[PDB]
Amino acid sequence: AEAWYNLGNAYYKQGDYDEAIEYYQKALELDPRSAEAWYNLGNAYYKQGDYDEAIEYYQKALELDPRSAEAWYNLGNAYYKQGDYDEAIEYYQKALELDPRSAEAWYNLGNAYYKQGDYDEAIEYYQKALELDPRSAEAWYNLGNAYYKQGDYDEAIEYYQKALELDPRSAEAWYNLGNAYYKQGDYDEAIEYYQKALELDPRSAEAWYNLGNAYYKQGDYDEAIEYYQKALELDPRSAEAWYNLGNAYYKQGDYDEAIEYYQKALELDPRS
C-alpha cells in the first residue's frame, strides 16, 4: 500500500487529482485502515468538486480517528459546498472543540451562520477569527456585512473602514460603506463613498441608481437626474430608475418630463 499511497501523493502534489484518486484507491484496496489515506482520498475528490464522495471518505477517516480536527473541518467544508449550512456548523464546532486556535475554522463557522441568516453568531465567530489573524480585508468586510445585515450601520461603517485600510482597491467595500451611511441617512458621506466605488468600477447599474437616490435624498434634483440617466443607459429595464427620474423632474417643476418618465415606469410595472 505504501508505494501506491506515495505514488498517489506525488500525483496529488502536481495537481493531478484523478490519478491521485486511482492510486489512493489502490493503496486502500490493500490497507483500508489508514485515516490519512481516507482523508487524502476525500481531499482529492474535494479538489475536483466531488463533494458527496469527499463527504463519504472524510467520514471513513473519522471512524478511524474521531479526534482529527482536520477531518472534521474538511467534512464541514464539503457540507458548506453542498449548501448544507447546519451540517457544516455541526462539524466546524467539532473541529474547534478539538482545535480552538484555527482562524480558518472560526471564519468558516461565521460564513455558515451568515449563509443561514444568523448575523449575531457570524459576528461572534468572525471576531474570533480576526483575533487569531486580523490581516485579511475580506474578513473585516464580512464582519462589516454581518453588522450591516443586523442593522448596526455604525459598526458596519467601522469594519468596512478597517477592510479599506488593508485593501483600498475594493469597489465592494466602498459601495457597502456608502450603503451603510445611506441607511443612517448620511447622504453626503454616501455620495463620497459611492463615487469612489464607481471611479474603481463604473458600470454597475444599481450603483449609479443608488448615487442618484443619495442626491435625491439631499434635495440635489439636477444631480439625481444625471445619475439616474446614467443608470438607465446601462439598464433601460428598471421601473425604479424611471420612476425616481420622474420624481426628480417633478420636484424641479418639470411636469411634462415627469409624465414621460412615470409612463415608462408604469409600462415596465403597472402595479403601484
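We number the residues from 1 along the sequence you see.
Comparing the deposited coordinates for 202-210 and 65-73, the stretch with the larger average C-alpha B-factor is 202-210. The PDB entry reports B-factors from which the mean C-alpha value can be compared for 121-129 and 98-106; the larger average falls on 98-106. Between the residues 59, 238, 244, 40, the entry's highest C-alpha temperature factor is the one at 238. Highest C-alpha temperature factor among 136, 142, 179, 82 per the entry: 136. Residue 268: CA B factor in the highest third of modelled residues in this chain (values from the PDB entry). Among all modelled residues in this chain, the alpha-carbon of residue 220 has a temperature factor (C-alpha) in the lowest third. For residue 154, the recorded CA temperature factor ranks within the highest third of the chain's modelled residues. The entry lists a Cα temperature factor for residue 195 that places it in the middle third of the chain's modelled residues.
Sort the modelled residues of the chain by CA B factor and residue 165 lands in the highest third.
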